[PDB]
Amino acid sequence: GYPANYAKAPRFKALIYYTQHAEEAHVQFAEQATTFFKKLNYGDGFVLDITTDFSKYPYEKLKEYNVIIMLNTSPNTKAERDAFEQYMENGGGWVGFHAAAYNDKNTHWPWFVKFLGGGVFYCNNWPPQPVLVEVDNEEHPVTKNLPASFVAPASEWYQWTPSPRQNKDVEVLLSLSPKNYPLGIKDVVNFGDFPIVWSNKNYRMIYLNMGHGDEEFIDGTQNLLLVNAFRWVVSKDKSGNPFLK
């Protein structure tokens, strides 16, 4: 048999959402990550919509998207938050990066904290720097063609309380190695669990902690992780896997 499946029309719809109302380093990442996903849509393998205004997307308009890619922020208004809740509870897809999972005592969105796996922002290192990362599960579609360990390019890295690993429904896929400790020049992280890529198995979602600055696409290994993360979430659609059409 022939080994290749050539698409006859776009396979699925993806929505990119990012804000300009964020730290310059987060806007820079969001703009370069948009270019990265646009390049993946050269030849129209899928339908890619880009927005800076999530208020135009109630649940009824979010339904058509296989996946939402949130590059630097999460919904802030009740209307936006409710739309995303209903979308995720009804089998929607999510690829979240860095500050898209940021939450503290002033977020007042317990559904989101639960959706992420319980982790509230705890600490971070400073300045952004490369780190040694480790694959927690080598048999997963996100990591099956990734080296067991590699140096990720420079980012600001976050710890959470409790660690998402403490959640029975969370599957941690990549972690920041404790061999990096003490980590930081300005703000130093000295210990603790440091997961950076995970999935809450109750939802069709993946979170990646990297997403800061203008140099997150200089590394082939991390770019492969991003392709793998996006592809896995898209393939898991309850209405069917789009790569089999």
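Note that residue numbering follows the sequence shown and begins at 1.
Stretch comparison (14-22 versus 217-225) by mean CA B-factor in the PDB entry places 14-22 on top. 110-118 and 145-153 differ in mean CA B-factor, and the higher of the two is recorded for 110-118. Across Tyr59, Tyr65, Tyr207, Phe37, the entry's maximum B-factor at the CA atom is seen for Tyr59. In this PDB entry, the Cα temperature factor of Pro128 sits in the bottom third of its chain's modelled residues, the lowest group. Among the modelled residues of its chain, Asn180 has a C-alpha B-factor that falls in the lowest third, as given in the PDB entry. Ranked by C-alpha B-factor against the other modelled residues of its chain, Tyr203 falls in the highest third.
Residue-level temperature factors show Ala99 in the middle third of its chain, judged at the C-alpha atom. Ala79: CA B factor lies in the highest third for its chain, per the PDB record.
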